[PDB]
10 protein chains.
Amino acid sequence: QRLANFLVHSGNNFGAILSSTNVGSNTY
Amino acid sequence: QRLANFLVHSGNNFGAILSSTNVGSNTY
Amino acid sequence: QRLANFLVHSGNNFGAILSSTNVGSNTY
Amino acid sequence: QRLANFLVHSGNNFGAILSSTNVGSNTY
Amino acid sequence: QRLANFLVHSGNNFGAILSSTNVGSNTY
Amino acid sequence: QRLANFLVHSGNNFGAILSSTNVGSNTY
Amino acid sequence: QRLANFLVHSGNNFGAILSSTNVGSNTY
Amino acid sequence: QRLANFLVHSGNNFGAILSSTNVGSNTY
Amino acid sequence: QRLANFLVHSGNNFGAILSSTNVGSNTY
Amino acid sequence: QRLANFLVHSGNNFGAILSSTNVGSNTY
């Protein structure tokens with residue numbers, strides 16, 4: 001029913017690849 | 001029914017590739 | 001029903017690859 | 001019903017690969 | 001019902017691979 | 001320079017009040 | 001420079017009040 | 001420079017009040 | 001520079017009050 | 001520079017108050 005292929009070539013990663021990230025940084 | 005192929009070539013990544021990101025940064 | 005193939009080639013990783021990250025950094 | 005294949009080649013890892021991380025860093 | 005294969009090749013690991021980590025670092 | 005006054009009366013709360021929430025719920 | 005006053009009256013709380021929450025719930 | 005006053009009256013708390021919470025719940 | 005006053009009245013607490021919590025609940 | 005006053009009145013506590021908690025509950 002559902003098929004997904006992921007092929008990634010990374011040299012230098014400082015961020016997010018195939019990832020889920022949550023950051024707050026709130027102020028009261 | 002559903003087919004998806006992803007091929008990515010990255011040299012230097014400082015952001016998001018195939019990713020989901022949430023940031024708050026709110027102020028009260 | 002559901003099939004997913006992941007192939008990743010990383011040289012130097014300072015961030016997230018196939019990961020889920022949560023950070024607070026809130027201030028009261 | 002559900003099948004997932006993960007193949008990762010890492011050279012130097014300073015972050016997260018196939019991982020879940022939680023950080024607080026909150027201030028009162 | 002559910003099948004998952006993980007194959008990882010790491011050279012030098014300073015972070016997390018297939019791991020779950022919790023850090024507090026809070027301040028009152 | 002900046003002044004804010006918040007006064008809230010809640011009977012029953014199942015959601016968010018003066019809060020910041022992040023949810024992923026992504027699928028690969 | 002910045003002044004904030006918070007006054008909250010809660011009867012029954014099942015959610016968040018003056019809080020910051022992060023949830024993943026991702027699937028690979 | 002920065003002043004904040006918090007006054008909270010809670011009857012029964014099953015969630016979060018003035019708190020920061022992180023949950024993973026990821027699946028591979 | 002920074003001043004914060006917290007006054008909380010709780011009857012019955014089953015969750016978090018002025019707290020920081022991390023939970024994994026991940027599955028491989 | 002930084003001043004914080006905490007005054008808490010608790011009747012019955014089953015959770016966390018001014019605390020930091022880490023739980024794994026992971027499965028492989």
# chains A, B, ... in the order shown; residues from 1 in each chain; ligands from 1

call {"tool": "residues_around", "arguments": {"residues": "range 2-15 of chain H", "least_positions_apart": "5", "cutoff": "9 Å", "atoms": "only C-alpha atoms", "output": "PyMOL selection string"}}
result
(chain A and resi 28) or (chain C and resi 28) or (chain F and resi 14) or (chain G and resi 1-17) or (chain I and resi 1-17) or (chain J and resi 15)

call {"tool": "residues_around", "arguments": {"residues": "residue 20 in chain H", "least_positions_apart": "6", "cutoff": "9 Å", "atoms": "only C-alpha atoms", "output": "MDAnalysis selection string"}}
result
(chainID C and resid 24 26) or (chainID D and resid 24 26) or (chainID G and resid 19:22) or (chainID I and resid 16 18:22)

call {"tool": "write_last_selection", "arguments": {"atoms": "N, CA, C and O atoms", "output": "PDB file, in the first residue's frame"}}
result
ATOM      1  N   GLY C  24      14.363  22.234  26.074  1.00  0.00           N
ATOM      2  CA  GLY C  24      13.518  23.216  26.735  1.00  0.00           C
ATOM      3  C   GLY C  24      13.976  24.658  26.598  1.00  0.00           C
ATOM      4  O   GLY C  24      13.372  25.422  25.850  1.00  0.00           O
ATOM      5  N   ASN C  26      13.727  27.225  28.536  1.00  0.00           N
ATOM      6  CA  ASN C  26      12.744  28.228  28.916  1.00  0.00           C
ATOM      7  C   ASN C  26      13.243  29.042  30.110  1.00  0.00           C
ATOM      8  O   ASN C  26      14.145  28.631  30.834  1.00  0.00           O
TER       9      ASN C  26
ATOM     10  N   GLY D  24      16.728  19.612  29.293  1.00  0.00           N
ATOM     11  CA  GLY D  24      15.929  20.632  29.954  1.00  0.00           C
ATOM     12  C   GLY D  24      16.434  22.053  29.773  1.00  0.00           C
ATOM     13  O   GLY D  24      15.823  22.836  29.054  1.00  0.00           O
ATOM     14  N   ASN D  26      16.324  24.657  31.659  1.00  0.00           N
ATOM     15  CA  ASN D  26      15.375  25.692  32.045  1.00  0.00           C
ATOM     16  C   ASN D  26      15.915  26.514  33.215  1.00  0.00           C
ATOM     17  O   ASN D  26      16.826  26.095  33.928  1.00  0.00           O
TER      18      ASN D  26
ATOM     19  N   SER G  19       3.148  26.552  31.222  1.00  0.00           N
ATOM     20  CA  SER G  19       4.085  25.455  31.014  1.00  0.00           C
ATOM     21  C   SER G  19       4.525  25.393  29.556  1.00  0.00           C
ATOM     22  O   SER G  19       3.890  25.966  28.678  1.00  0.00           O
ATOM     23  N   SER G  20       5.627  24.685  29.304  1.00  0.00           N
ATOM     24  CA  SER G  20       6.136  24.447  27.953  1.00  0.00           C
ATOM     25  C   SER G  20       6.368  22.956  27.771  1.00  0.00           C
ATOM     26  O   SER G  20       7.196  22.377  28.474  1.00  0.00           O
ATOM     27  N   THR G  21       5.667  22.335  26.828  1.00  0.00           N
ATOM     28  CA  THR G  21       5.709  20.886  26.662  1.00  0.00           C
ATOM     29  C   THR G  21       6.143  20.480  25.255  1.00  0.00           C
ATOM     30  O   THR G  21       5.770  21.117  24.271  1.00  0.00           O
ATOM     31  N   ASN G  22       6.925  19.403  25.170  1.00  0.00           N
ATOM     32  CA  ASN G  22       7.427  18.841  23.919  1.00  0.00           C
ATOM     33  C   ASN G  22       7.073  17.365  23.848  1.00  0.00           C
ATOM     34  O   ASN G  22       7.344  16.624  24.794  1.00  0.00           O
TER      35      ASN G  22
ATOM     36  N   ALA I  16       3.023  17.768  37.603  1.00  0.00           N
ATOM     37  CA  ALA I  16       4.241  18.520  37.857  1.00  0.00           C
ATOM     38  C   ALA I  16       3.904  19.956  38.229  1.00  0.00           C
ATOM     39  O   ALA I  16       3.031  20.572  37.618  1.00  0.00           O
ATOM     40  N   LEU I  18       6.260  23.441  39.048  1.00  0.00           N
ATOM     41  CA  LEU I  18       7.598  24.034  39.103  1.00  0.00           C
ATOM     42  C   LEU I  18       8.690  22.985  38.889  1.00  0.00           C
ATOM     43  O   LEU I  18       9.763  23.052  39.484  1.00  0.00           O
ATOM     44  N   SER I  19       8.437  22.042  37.987  1.00  0.00           N
ATOM     45  CA  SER I  19       9.277  20.873  37.785  1.00  0.00           C
ATOM     46  C   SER I  19       9.674  20.738  36.322  1.00  0.00           C
ATOM     47  O   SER I  19       9.065  21.338  35.440  1.00  0.00           O
ATOM     48  N   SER I  20      10.710  19.941  36.070  1.00  0.00           N
ATOM     49  CA  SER I  20      11.161  19.625  34.717  1.00  0.00           C
ATOM     50  C   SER I  20      11.275  18.117  34.571  1.00  0.00           C
ATOM     51  O   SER I  20      12.074  17.494  35.270  1.00  0.00           O
ATOM     52  N   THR I  21      10.498  17.528  33.668  1.00  0.00           N
ATOM     53  CA  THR I  21      10.439  16.077  33.548  1.00  0.00           C
ATOM     54  C   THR I  21      10.791  15.619  32.135  1.00  0.00           C
ATOM     55  O   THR I  21      10.443  16.275  31.153  1.00  0.00           O
ATOM     56  N   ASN I  22      11.504  14.499  32.047  1.00  0.00           N
ATOM     57  CA  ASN I  22      11.922  13.872  30.798  1.00  0.00           C
ATOM     58  C   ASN I  22      11.484  12.416  30.815  1.00  0.00           C
ATOM     59  O   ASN I  22      11.748  11.712  31.791  1.00  0.00           O
TER      60      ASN I  22
END

call {"tool": "atom_distance", "arguments": {"atom1": "CA of residue 25 in chain B", "atom2": "CA of residue 23 in chain I"}}
result
22.8 Å

call {"tool": "select_by_dssp", "arguments": {"residues": "chain H", "states": "strand (DSSP E)", "output": "list in words"}}
result
residues 2, 3, 4, 5, 6, 7, 8, 9, 10, 11, 12, 13, 16, 17, 20, 21, 22 and 23 of chain H

call {"tool": "write_last_selection", "arguments": {"atoms": "C-alpha atoms", "output": "PDB file, in the first residue's frame"}}
result
ATOM      1  CA  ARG H   2      13.030  42.160  34.469  1.00  0.00           C
ATOM      2  CA  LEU H   3      10.410  41.383  37.118  1.00  0.00           C
ATOM      3  CA  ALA H   4       7.819  38.596  37.108  1.00  0.00           C
ATOM      4  CA  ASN H   5       5.191  37.664  39.704  1.00  0.00           C
ATOM      5  CA  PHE H   6       3.365  34.325  39.580  1.00  0.00           C
ATOM      6  CA  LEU H   7       0.368  33.522  41.787  1.00  0.00           C
ATOM      7  CA  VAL H   8      -1.421  30.232  41.109  1.00  0.00           C
ATOM      8  CA  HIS H   9      -4.340  28.581  42.924  1.00  0.00           C
ATOM      9  CA  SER H  10      -4.799  24.924  41.959  1.00  0.00           C
ATOM     10  CA  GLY H  11      -7.416  22.521  43.267  1.00  0.00           C
ATOM     11  CA  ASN H  12      -6.484  19.220  41.605  1.00  0.00           C
ATOM     12  CA  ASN H  13      -3.567  18.951  39.188  1.00  0.00           C
ATOM     13  CA  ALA H  16       1.707  20.597  34.379  1.00  0.00           C
ATOM     14  CA  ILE H  17       1.798  23.948  36.205  1.00  0.00           C
ATOM     15  CA  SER H  20       8.622  22.020  31.325  1.00  0.00           C
ATOM     16  CA  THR H  21       8.064  18.448  30.129  1.00  0.00           C
ATOM     17  CA  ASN H  22       9.665  16.330  27.376  1.00  0.00           C
ATOM     18  CA  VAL H  23       8.233  13.037  26.081  1.00  0.00           C
TER      19      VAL H  23
END
